[PDB]
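Worksheet: one structure, shown below.
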Ligand SMILES: *[C@@H]1O[C@H](CO)[C@@H](O)[C@H](O)[C@H]1NC(C)=O
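Protein chains in written order, with this note's numbering: chain A, 129 to 357; chain B, 30 to 80.
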């Protein structure tokens, strides 16, 4: 399981270009390409930049492409994104992530931080609460197909406020490695479903269904999960 | 013996194109621990195309 470090979340001056330190410790960004995503407060994430492993050609966000430039290096394993004309809504939580396509353990996003300067789906139930040891099954309906290129091409990210988001289930065939979550994509899954059994105080977070089968990877609304006492 | 040399120009370029494609649009099953029959299959498809 690769490890990432992203620290330094702080406001800036009006338009003063910003940059975040995304260090890929214990590994290199040449084996798993590094991608920077952007999630605002109380909303789904957005792909801010997709880069290359061999450090040949990187991309920019399909929303505001020329507005930002994110440099990176494979051997240095350190990326930095910059932009100009910084607005209030422009100060959203930027988080780095490794390429999940290599292995499940590689799906280890960075910490992430915010400052004060796609995919369409709906998960249910939004308000869920069960005691410890319970089995919860959430259904995420979508509009596109349920499987792309042979197997499933959807994933579920278990995010928390200010905490590094984690990818529990992906493609209905490769659940999160290292810490194998009891919940994972299964069945034909017309709506993405995962039967968490048994739940625990550590497995209480916001599960958001983001389908990579609908270009591009955009985190949906998701369903909330807590620990009912 | 070793037939594939994944560090040269053409092999690394082909592998980088494949990796970008697999990042955007997934394949059926990943290429973890790449073998040489995969390279032979790629070359066979290229042979049919050229012919
Ligand atoms: C195989 O790749 C290595 C790495 O660049 C290179 O040094 C070597 O010369 C290549 N093999 C041949 C036969 O050229």
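All C-beta atoms, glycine included, are put in the ideal place defined by N, C-alpha and C.
Item                                                                                                                         : Value
Chain B contact residues for residue 235 of chain A, given Cβ-Cβ distances below 8 angstroms                                 : The premise fails here: residue 235 of chain A is roughly 12 angstroms from chain B at the closest Cβ pair, so nothing lies under 8 angstroms.
Extent of the continuous alpha helix (DSSP H) to which residue 40 of chain B belongs                                         : 38–53
Residue 205 of chain A, buried or exposed, once every other Cβ within 10 Å from all chains shown has been counted against 16 : buried
Alpha-carbon spacing of residue 51 of chain B relative to residue 287 of chain A, whole angstroms                            : 25 angstroms
Cβ-based burial, residue 227 of chain A [other Cβ within 10 Å; buried from 16]                                               : buried
Span separating the alpha-carbon of residue 40 of chain B from that of residue 312 of chain A                                : 36 angstroms
Contact list for residue 45 of chain B against chain A, beta-carbon separation under 8 angstroms                             : 180, 181, 182 and 184
Status (buried if at least 16 other CB within 10 Å, exposed otherwise) for residue 128 of chain A                            : Outside the displayed range of chain A (129 to 357) lies residue 128 of chain A, so it cannot be described from this structure.
Contact residues within the stretch 317–350 of chain A, judged by C-beta distance below 7 angstroms to chain B               : 340
Residue 350 of chain A, buried or exposed, once every other Cβ within 10 Å from all chains shown has been counted against 16 : buried
As assigned by DSSP and simplified to three states, the class of residue 231 of chain A                                      : coil
Backbone CA spacing between residue 292 of chain A and residue 216 of chain A [nearest angstrom]                             : 23 angstroms
9 angstroms Cβ cutoff, residue 61 of chain B in contact with chain D                                                         : The structure shown contains no chain D; the protein chains it does contain are A and B.
Contacting residues, own chain, Cβ-Cβ under 7 angstroms from residue 340 of chain A (five flanking each side not counted)    : 281, 282 and 283
CB contact check: residue 56 of chain B to chain A, cutoff 9 angstroms                                                       : yes
Residue 184 of chain A burial status per 10 Å Cβ neighbour count (16 or more: buried)                                        : exposed
Residues in the stretch 270–283 of chain A having any Cβ partner in chain B nearer than 8 angstroms                          : 276, 277, 278, 279 and 281
First through last residue of the beta strand (DSSP E) which encompasses residue 258 of chain A                              : 255–258
Residue 24 of chain B beta carbon near ligand 1 (any heavy atom closer than 8 angstroms)                                     : The structure shown has nothing for residue 24 of chain B, since chain B only spans 30 to 80.
Nearest neighbour of residue 356 of chain A, chosen from A:256, A:324 and A:242 [CA to CA]                                   : A:256
Chain A contact for residue 49 of chain B (CB, 9 angstroms cutoff)                                                           : yes
Partners in chain B for residue 231 of chain A, counting only beta-carbon separations shorter than 9 angstroms               : 59 and 61
Interface flag, residue 161 of chain A vs chain B, CB-CB below 9 angstroms                                                   : yes
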